Amino acid sequence: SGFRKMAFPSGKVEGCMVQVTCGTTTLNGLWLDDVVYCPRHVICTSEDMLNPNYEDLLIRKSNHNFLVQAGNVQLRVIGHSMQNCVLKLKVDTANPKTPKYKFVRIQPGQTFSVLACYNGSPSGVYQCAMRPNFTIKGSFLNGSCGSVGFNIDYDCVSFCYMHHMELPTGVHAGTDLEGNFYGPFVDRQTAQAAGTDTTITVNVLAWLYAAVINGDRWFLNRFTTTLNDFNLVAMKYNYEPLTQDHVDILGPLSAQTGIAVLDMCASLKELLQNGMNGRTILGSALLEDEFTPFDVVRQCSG
Amino acid sequence: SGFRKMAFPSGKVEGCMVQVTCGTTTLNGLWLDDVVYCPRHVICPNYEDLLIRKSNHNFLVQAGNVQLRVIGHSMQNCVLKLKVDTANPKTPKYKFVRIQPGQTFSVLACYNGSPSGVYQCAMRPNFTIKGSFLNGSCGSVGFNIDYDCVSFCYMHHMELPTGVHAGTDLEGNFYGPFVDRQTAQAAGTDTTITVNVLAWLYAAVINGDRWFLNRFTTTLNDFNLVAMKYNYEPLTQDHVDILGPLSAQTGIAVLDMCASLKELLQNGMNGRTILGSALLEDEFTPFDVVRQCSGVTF
Ligand SMILES: O=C1[C@@H](c2cccc(Cl)c2)CCN1c1cncc2ccccc12
Ligand SMILES: O=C1[C@@H](c2cccc(Cl)c2)CCN1c1cncc2ccccc12
Ligand SMILES: [Cl-]
């Protein structure tokens, strides 16, 4: 019993965190085999950040300009290449602590763990979700660039995020490990704004099923809804449309609890209309949207 | 910017998790040097009598895909200490510390000696933890990290009928009035950790959330009368002193933040949130707020 925002154990990622210094800029890098991945903006000064030409700035650098530090050991950079917004620094040592890993690009609503680092040292681990507006509501200070987001399903680490920047609203933007940004963001100081954020409907429903599995039923009602009528209501509360894919994904939880997806959708409609009335669901007075259907099953069943 | 429930990096503890199988019971053990610590209920009660009937070979200890050989066994309170032939090469610098209610720690939830998740907890004033544990999680540990030292403060033993959890420090002494047997046990009435709520209100101010601030101040006496009324823990002069640095950083005196908390408790939030929460969060200590809002690393 119990339901917590749970992160993956960070050990396999901690052994990969290194410090990357280039000129005055110091951020984090991800050391996997003989390559250190880091945000390409490490080659910039804050003076050439409005409109940086990364191809031009990179060509002017040599391997010895990049100082890579793994613990108290300096790694020697033997090559450098840029892949989208990520810099790949080839080093002369393969990381002995390199776990089994994949680079995966996630979709909005997907969750992952963040190992927040400063100066190549891990300071904390938290859980978060890729927002529908492609930002993440992280906890990052200056120096956290290059901190990574991951999932540790089975013995393989799936790297899905690398932190690049904080937007004016205090939210965060970054890329997958291939350097492709999530969202319409660019690694420039140009005026950029997070799009209007919306609630991840499928995740709220998954969390409502988690509450039912944990014995909480107060919010359930005798009603059902059509998928269209649910989306017409949900859209009015800035909730993401629920697709047939989401309904299909919620199938196992629907089978385990005996509550049809469209029946849980009617509970959600009611909750949106009424609020909680001083009650909580899994110790929360708000509808939680950072647990996917896969997170709920994993945490509640194994 | 941002404020998240953040746990310590679990790596130093992951290298210590092993599986302990005794008869039909399989749970987790904490392998430090040549000793594996685990809940004594793995032998299940008259624990002295049950333990004397066991031999070293009855305890199957598994560290990854390697079986450790048990060369001795002793009991310290509600923890079983299985002496093994191999010292854990991954043993970090560690201490066993007993925490006080309100203090926070990270929990590395494990099943079959394998870490599945890490989450941040607080030792409730009623000595329970609101964890997330399934059958097989016994022996999962709670810890803090201080520089490069792991302070082990909790080992999970059981779940109470309300879904909350009970366990011991690493010396086998239970937190709370709980015993490790199948009997009627209930978590006492819980209260809110006042000093932690205030710390989280300072974190919200540091993050630009000021709507709840007011011009008023209060006395520690007047505030504690309100705290008693709303099932909030008394705020001591020690708590006020601990909140000193946050008070200095934000310019909001502790008793000035207390008057904000007093208005929040009598009037509510009114459809507003603080750090994306409609409830007053009490699982961030004043130290957690300072560590996160300043970026301390391990
Ligand atoms: O936004 C950035 C980075 C940057 C700047 C412009 C463009 C690019 Cl791609 C990258 C520089 C550091 N940084 C931060 C990242 N996360 C948290 C922070 C908190 C407070 C201040 C800064 C923070
Ligand atoms: O409470 C216990 C343990 C127990 C039983 C009797 C007496 C003692 Cl001292 C301890 C055995 C497993 N267990 C659980 C521990 N945590 C979470 C759980 C969730 C769901 C089911 C069981 C769970
Ligand atoms: Cl995805």
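Cut-offs applied
- Residues numbered from 1 in each chain as written, not as in the entry; some residues may be left out.
- Chains lettered and ligands numbered in written order.
- Heavy atoms only, no water.
- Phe/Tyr/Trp six-rings, centres within 6.5 Å; stacked < 30°, edge-to-face > 60°.
- Buried < 20%, exposed > 50% of the residue type's maximum accessible area, 1.4 Å probe, protein only.
- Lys NZ or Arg CZ within 6 Å of the ring centre and 35° of its normal.
- Pairing = 2+ DSSP bridges.
- Helix = DSSP H or I, 4+ residues; strand = E, 2+ residues; numbered from the N terminus.
- Domains from an automatic or database assignment.
- Contact = heavy atoms within 4.5 Å.
- Buried area = accessible area lost by both parts, 1.4 Å probe.
- Salt bridge = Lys/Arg side-chain N within 4 Å of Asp/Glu carboxyl O.
- Polar contact = N/O pair within 3.5 Å; in protein donor to acceptor, adjacent residues only side chain to side chain.
- Axes fitted to C-alpha atoms, helices over the stretch in contact; angles between N-to-C directions.
- Near = heavy atom within 4 Å.
- Nonpolar A, V, L, I, M, F, W, Y, C, P; charged D, E, K, R; others polar.

Visitor: Just checking my understanding: could you explain the packing of aromatic side chains for this structure?
Guide: To describe a pair of aromatic rings, you give the distance between the ring centres and the angle between the ring planes. Scanning the model with the defined rule gives 19 aromatic pairs over all chains in all. Relative to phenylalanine 219 of chain A, the ring of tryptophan 218 of chain A lies with its centre 5.8 Å away and its plane at 85 degrees, an arrangement referred to as edge-to-face. By relative accessible area, which is 26% here, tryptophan 218 of chain A ends up partly exposed. Through pairs of rings, three or more aromatic residues link up here, namely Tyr37, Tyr101, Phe103 and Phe159 of chain A. The ring of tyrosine 175 of chain B has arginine 98 of chain B sitting right over it, with the charged end atom 4.2 Å from the ring centre.

Visitor: Help me out: how do you make sense of the pairing of strand 6 (residues 77–83) of chain A in this one?
Guide: When a strand is regular, its side chains alternate between the sheet's two faces. Residues and elements named next belong to chain A. Across 6 bridges, strand 6 lies against strand 7 (residues 86–91) in antiparallel orientation. Looking at strand 7, one finds that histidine 80 is bridged to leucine 89. What sits between the antiparallel neighbours strand 6 and strand 7 is a turn of 2 residues, in which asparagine 84 has the positive phi angle 60 degrees.

Visitor: Just to check I follow, could you spell out the domain arrangement of chain B for this structure?
Guide: It is common to give the size of an interface as the accessible area that goes away when the parts come together. Residues and elements named next belong to chain B. Looking at chain B, the domain boundaries give domain 1 (1–14 + 93–190), domain 2 (15–92) and domain 3 (191–294). Between the C-alpha centres of domain 1 and domain 2 the distance comes to 19 Å. Each partner contributes to the interface: domain 1 provides 34 residues, whereas domain 2 provides 24 residues. Buried area between domain 1 and domain 2, summed over both chains or domains, comes out near 2,200 Å², and the portion from carbon and sulfur atoms is 57%. In this structure, the connection of domain 1 to domain 2 is made through 1 salt bridge. A salt bridge links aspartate 180 to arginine 40, with the shortest nitrogen-to-oxygen separation between them at 2.8 Å. At the junction of domain 1 and domain 2, the tally comes to 21 residue pairs in polar contact. Sorting elements by how many residues they give to the side of domain 1 that touches domain 2 places strand 12 (residues 149–159) first, with 5 residues.

Visitor: Just checking my understanding: could you explain the sheet that holds strand 2 (residues 25–32) of chain A for this structure?
Guide: Sheet strands line up and pair through hydrogen bonds in the backbone, either parallel or antiparallel. All names here are of chain A. Read across the sheet, 7 strands follow the order 5-4-1-2-3-7-6 without closing on themselves; strand pairing throughout is antiparallel. Both outer strands of the open sheet, strand 5 (73–75) and strand 6, are each paired with one neighbouring strand and no more. When the angles between neighbouring strand axes are averaged without regard to direction, this sheet yields 30 degrees.

Visitor: Help me understand the pairing of strand 9 (residues 104–111) of chain B, please; the structure alone is not making it clear to me.
Guide: Residue and element names in this part refer to chain B. When you tally the buried positions in strand 9, you get 7 out of 8 residues, the bulk of the element. The turn linking strand 9 back onto strand 10 (residues 114–122) is made up of 2 residues, and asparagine 112 within it adopts a positive phi angle of 65 degrees. Two elements, strand 9 and strand 11 (residues 141–146), share 3 bridges in a ladder whose sense is antiparallel. Residue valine 107 lies in a different strand from strand 11, and its bridge partner there is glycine 142.

Visitor: Before we go on, may I ask you to explain the site of ligand 2 in this structure?
Guide: Residues in close proximity to ligand 2 total 14 residues, the closest being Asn135, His156, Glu159, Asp180 and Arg181 of chain B. Ligand 2 is flanked by residues contributed from chains A and B. Contact between ligand 2 and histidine 156 of chain B: a nitrogen atom at 2.8 Å from a side-chain N or O atom of the residue. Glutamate 159 of chain B has a polar backbone atom sitting 3.1 Å from an oxygen atom of ligand 2. Of the residues assigned to the shell around ligand 2, the class counts are 4 nonpolar, 7 polar and 3 charged.

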